[PDB]
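Before any questions on binding or motion, here is one chain by itself as structure tokens, the form deposited in one PDB entry.
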């Protein structure tokens, strides 16, 4: 790791609205209770502090700082700006970490940012992919999805109507939500071959309990698959070996932005 230092500049009406120094000023105003001590604490003159505050008020059409009921306090909008800025900065810092350690998902994608940094589901699989052209000339009641390698195919059961409401045409980004107990793991291709979906991979981790065994497997694009299988059936399974996961097309829920 090498953490990046993030500097954002927000502009409104083609004018500088908020940069690092202005946000620092607003924070020090919140911490100190005054414009004069806050300016001193932020390293800026009193005049330049009021010059910023006045311009920020005019541009945003809101009041950022007010006298307290006297000290200076941040208003609802002043606090909302600091929070928006700091959260946006945090998204960039997290995105930079993803650049640094790498992954197969697009880094320009909103859904992929949502999946990596915000969304958590009880289903232990949450895979990014994209809708692709159907793989047959006849219309069937599912959509076809490519994983982030742009090669690994999956089919998901859905109605034409449902598909239309969610905008599922070629290229639409989606997440695949799939519970782990609904994913089988096998060393017998024929067994997987009677399933709707077959996803080859290598076991990355195994954990056995009394009734169930958890298997984690790297998908071909680097995403992780999680399957829960009855302990009796996981008896031969072992880390580092070749395996195919399999599941039905109607076991998946698609998530997507509309």
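We call the rigid core the largest set of C-alpha positions that still match within 1.5 Å between the two forms. Numbering follows the first chain given and starts at 1.
The stretch of deposited sequence separating residue 69 from residue 70 contains 4 to 9 residues lacking coordinates in this entry. As the entry records it, the average C-alpha temperature factor is higher for 226-234, out of 60-68 and 226-234. Judged by mean Cα B factor in the deposited record, 186-194 ranks above the other of 34-42 and 186-194. Per the PDB record, 160 has a higher Cα B-factor than any other of 146, 160, 174, 82. Ranking 164, 131, 91, 119 by the C-alpha B-factor listed in the PDB entry places 164 at the top. In the deposited entry, the Cα temperature factor of residue 2 sits in the top third of values across the chain's modelled residues. Residue 25: CA B factor lies in the lowest third for its chain, per the PDB record. Split the chain's modelled residues into thirds by C-alpha temperature factor. Residue 106 is in the middle one.
Split the chain's modelled residues into thirds by C-alpha temperature factor. Residue 243 is in the highest one. Annotation for residue 169: C-alpha temperature factor in the highest third relative to the rest of the modelled chain, per the entry.
In what follows, reference is made to the form deposited in another entry, a form of this protein that is not presented.
Residue 106 is among the residues whose C-alpha shifts by 2 Å or more between this form and the one not shown once the rigid core is aligned. When the rigid core is held fixed, the Cα atom of residue 119 travels 2 angstroms or more between this form and the one not shown.
In a rigid-core overlay of the protein, residue 55 has its C-alpha displaced by at least 2 Å between this form and the one not shown. Relative to what is shown, residue 168 and residue 116 are closer in the other form; their C-alpha atoms differ in spacing by at least 3 Å. Pairwise change in the other form: residue 104 and residue 251 C-alpha atoms lie farther apart than in the shown form, at least 3 Å.
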